[PDB]
Structures are given as C-alpha cells and as structure tokens.
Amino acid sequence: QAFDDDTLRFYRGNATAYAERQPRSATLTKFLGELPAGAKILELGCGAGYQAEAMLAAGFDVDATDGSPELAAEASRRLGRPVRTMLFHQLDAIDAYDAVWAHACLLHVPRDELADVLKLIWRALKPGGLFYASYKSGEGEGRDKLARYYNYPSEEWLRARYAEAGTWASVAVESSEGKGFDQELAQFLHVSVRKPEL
C-alpha cells in the first residue's frame, strides 16, 4: 500500500503532544513568495495545521488535508475551518491547484509507492503550478524508535522518482539541518518542482 499503518497509528495516539510542536517557516515563506496572491493551495499531511493557518492568514485559498483523523481534528479546531481526512494516494484532483505544499509528510510514503503518489500530485496541479515536498535524507528506508516509517532517500533517488512520476519544467533542491520529533539530528531535503506550462 501507499501508506504505512504504524506511522499513522503513531499520529493518532500522540496527536495532543505532536500538535504542540510548530514547524519552521523558512521554506514556507520562500514557497509563498513564489506564488501569486490568493493562489489555490493543496496541503498534504498538514498535521496540526500551523502552516495552513499561516497560508490562510496570508490570503491563500488553502485546501488542508491530513491522513490522520485525529490530527485533522486538531487542525480543524485551530483553523476554525474544515480539515479533511485524506491519505496521499487518495488524491484524484485534476488541474485544480496553483500549488501543492507537503511539509515533512511524503517522507512517510513507502519507497515503491512514492512515484505513483507524485504522479497524482502532478495531475492535481494546474499547468505551471508549484509543488514543494521535504524529506528526511538517508541511505535506505527505515523506521524510528516511535515506529514511524521513513523512506530516507538521497537527492539522486528523489530526482529519479520525480522523473518517473512525470515531466517537470524545473526541479530545485536545497537542504537544511534540524532535529526531528525524536530529538535526533537529521538533514532535510526540500524539493520544489514546477509543472510544465500549457
């Protein structure tokens, strides 16, 4: 399957504690700066909704979603708006979003299913749309002490999967250094791609 059960089970049993941590906004600010005001944005794996809240306040039309009903519930309370429950592989929209934001969530997709998920995102994006996704880098898939699955890919592996998923007009990648929820130091790869213009 395109999702890991124990990963989702972790978020559904630790939603209160996890909802207390706010993600860094550096890459979000850069992302929004590359979009027109009021852009239509789909957020995948929105978690507690901190970033969806920021995007909405910034004037964007955000369709926030998360695979965990528990976290989606927390996000809906924070946003005062509907945060729907949706697993990545359930996406089936076509040319509906100017951009897609997926912060530290597609890293939970089983390696063999990532390309297919990226293809769904390609289809959901409008021509010329921007898609950002961050991943925890590594040299092989694994699972942390909290039972969360990570695809732990290299930039080269990610680029190969993105190329198989579809034709991208451009692919930009930058890295950052930060501590994960498990308090372990980790490197994150931020992939920003553009869907070809009409």
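Note that residue numbering begins at 1 and tracks the sequence as displayed.
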Stretch with the greater mean C-alpha B-factor as recorded in the entry, comparing 30 to 38 against 136 to 144: 136 to 144
Stretch with the greater mean C-alpha B-factor as recorded in the entry, comparing 189 to 197 against 1 to 9: 1 to 9
Most elevated Cα B-factor in the entry, residues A48, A165, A64, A54: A165
Per the PDB entry, maximal CA B factor within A75, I94, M86, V100: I94
Entry-reported Cα temperature factor of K126, expressed as the chain third it lands in: highest
Relative C-alpha B-factor of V173, binned into the chain's lowest, middle or highest third: middle
Third assignment of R81 from its chain's C-alpha B-factors: highest
